[PDB]
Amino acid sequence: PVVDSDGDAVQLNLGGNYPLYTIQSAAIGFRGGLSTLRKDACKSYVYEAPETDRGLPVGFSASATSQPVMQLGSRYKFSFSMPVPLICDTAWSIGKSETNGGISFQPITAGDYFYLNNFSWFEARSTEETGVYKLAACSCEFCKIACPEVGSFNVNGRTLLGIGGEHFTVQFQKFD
């Protein structure tokens, strides 16, 4: 199972009051939790908040029949737990490539008009050290494609996530 920063299995949202985690960068000196930068409409960039900035809470979900724990290599919908107007969801997805700050990339975004039902499927992949993971972004829940890794981009001083980029590793940290 994917473990959180305490060594406990990361729980999925299977109804009721769902379990929540911030996603912290596991890089040596400081991380800062993952959070949002407004892009447009109900849409935001997934970026790393400054140090000591709380990250946003994320819920992890999967299709019915799934066992209640996040499994290595498996695919999940990532959703921020954040106040939002009800026309908007908060699910993560692979964004259209764009140029921003002299950087061309496909960002990971979060949120869209609920009715478009847009989201991507994210995978925690193992690292040399336990409880520290690489994210991967998929366009399918169960299909046996090998997904592109998610990395970081320095865009106008802010660290944003996108497909490819610089090596980026995370921990899951419980929230509340």
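Residue positions are given as counts along the sequence shown, with the first one as 1.
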Selected stretch [higher average CA B-factor]: 48-56 or 108-116: 48-56
task: Using only the Cα atoms and their B-factors as the entry lists them, report which of 132-140 and 22-30 averages higher.
output: 22-30
message: Using only modelled residues of the chain, where does the Cα B factor of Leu12 rank: lowest third, middle third or highest third?
response: middle
message: Can you tell me whether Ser61 has a C-alpha B-factor in the lowest, middle or highest third compared with the other modelled residues of the same chain?
response: lowest
- line: By the entry's values, the third containing the CA B factor of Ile145 is the lowest
message: Lowest, middle or highest third: which one holds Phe80 when the chain's residues are ordered by CA B-factor from the entry?
response: lowest
- line: Binned into thirds over the chain's modelled residues, the C-alpha B-factor of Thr90 lands in the lowest
